[PDB]
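Below, in structure tokens: the form deposited in one PDB entry, a single chain.
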């Protein structure tokens, strides 16, 4: 049924011919009407040449003679009768060649695309905008991809549908033109899409259905041999009745499904998901557009695959940071030092609280329960856990604890380790919320018919909190080893999904470490270094590290050349002089002849009284890609050291006279006067505070990304409107343009809660260019209305209006952005942060700005 089925959609015709005789043997029922109806009859034994013109016949013959027909697929042919062009898509199967003919609509791309490259040309804008995006954001990539698919196809309600590890699908993004229901975040069972279709989407990467209720046309074979004739590869295949019923229940009758195949992991291609478009009315799309979409999907898959590895780099970067911090704590003494100094045990692993139980004393910091609660915790640990030195229970409620209920919500995520019989360490986490809105019946790992489970659902969780990862437990184990060694097996459990007795042994995380005397003799050579190099601590000790241990000839470890020797000496001397570790590239040859290339971090050793008593160094074995990225960043950043200095200088030289006007205004406000210039003083102080808070902002990218912090406080609309109008009265009077305020007294005197400074900035800039783009003698009317408080702001200014290129700039659809356009985008992003939008309206002689803001009243 999904595989074969002598039924095809009726918007095209099909013809299956033999490999050698080039004679028709399978023909669709509607082929005669579509092709030869103004003559040979389309019956078994008819040729393909008779019913087509000489150039069309020659082109078809050449295409059939071609080896890889997948390149020149859209072969625009002409009927033997008057015109009637047809696209002539071609597929090959074992023993047969199937040609699908589709009518060519003259009003849309006639002869524009007749090959793979011309078809691919139709997605250039989408491809270049996908490429132009910055890296590091998967959700941004998905949103852009679905938005471009929606714009290019002309459908509605396009959606990205991602497959999880259990094959249950989840909607990730969506874009719809009207105000229909948003399908976003809903989860669907893994049985919605059968394994047959999922495997069939490995090939036939684009599937199209035009009408649900269209009467399918039968395809009749020949009664002679070669009964095998499969229609899986054809673009005219009748969808299965079950999916037909499902789509009918889903108030859609058209569909265009494109598979996303990520070619990563060790072929081994995996179906990441689908880009599904659903239409409530019949829709047809020319083949070049559907071939341009099978190319955009490949580009999207490439970008997703390349984002996965950028995500992967962060884990190893965090591991390197943890190793550095572990060495830092190794350089200290006593259990008091891990918590006393700045980088504490709260920084070893992400958490919300830390506790140390040392000799019947508690050192706690962060979100921790009461001391007696920890005492009962330790009593239960020493009463029921003797076989393990630790554990990681994500939910203390799930594990056995009589008093877990009364502990609270900010607890029950634990990681505990016993340094000794009594003295132990605890890491505590709070609760993390999480819920799902399953779109139907949960799969809970056919002739089933439709079920109409496209309604709603809700599932919640509890204080189970975030899971504890593996390298985190490795870090805690390494800290335990360090503390135990400093004082003078290691099996502990894990309780994740209430399954008891999950015993696992982790591995230490200590990096290779070596250390030299002040003269140069080698003193410290830890087992990790012995494993990495192959040497033994006994045979490398009381020797010169520069020249004997590391040397170009007759040395245990061989440096490549003399430049490495010079650089090693330079970094040793600099580290004895300079402060804090310096990372340098370091490469050598092992005893067995294997090249090793890592990073070296060196730092001075210290005694109890001042003097430097040697050098302590360790190696970071970063991966090759991280090393290249760090090297490129280091090389490139050497040319950019002046920009921050200039920025700081400008900030200082603006802050000084800003304080000067602060001080003069302090005098002016100090002396008592009448009301009007006191009001002017208040407005000037408000504008000057706006200037000051604009100054302290550091980076623009925070505003662009829409993550800027908001200061919430009281204000009134009258003062903000007056300040904004005052900021541009001078420019309004420069062009003699009158500005009027039609806001009512009730709205004007309203008291609201929000960020008045940003609102004043936005309104002042809008009024500013409204004055700019209003011809002299014109009028600009600003009105405000209040309706959770919704502030509606109308700016109606006379004149022709702002040119449309600036409009496409402010909407963010144009990459070429001017400084004015910079002001526009910043303003629009801030308005979006304020739960609103900025709109532009053009009428005869009047251009009007719509501003919508959300404020608390």
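Residue numbers count along the first chain shown, from 1. If you superpose the two forms and keep the largest set of C-alpha atoms that fall within 1.5 Å, you have the rigid core.
S.K.: In the deposited sequence, how many residues between residue 609 and residue 610 have no modelled coordinates (none, 1 to 3, 4 to 9, 10 or more)?
M.R.: Nothing is missing between them.
S.K.: Residues with no coordinates between residue 54 and residue 55 in the deposited sequence, how many: none, 1 to 3, 4 to 9, or 10 or more?
M.R.: Per the record, no deposited residues are absent between residue 54 and residue 55.
We do not show the form deposited in another entry, though everything after this point is about it.
S.K.: Quick one: with the rigid core lined up, which of 93, 308, 747, 330 moves its CA 2 Å or more between the shown form and the other one?
M.R.: If I go through the list carefully, the shifting residue is 747.
S.K.: Taking the rigid core as the reference frame, is the Cα of residue 124 displaced by 2 Å or more between the shown form and the other one?
M.R.: Shift of 2 Å or more: no.
S.K.: Rigid core fitted, then: does residue 385 show a CA shift of 2 angstroms or greater between the shown form and the other one?
M.R.: Indeed, residue 385 is displaced by 2 Å or more.
S.K.: Could you tell me whether the Cα atom of residue 624 shifts by at least 2 Å between the shown form and the other one after core superposition?
M.R.: Shift of 2 Å or more: no.
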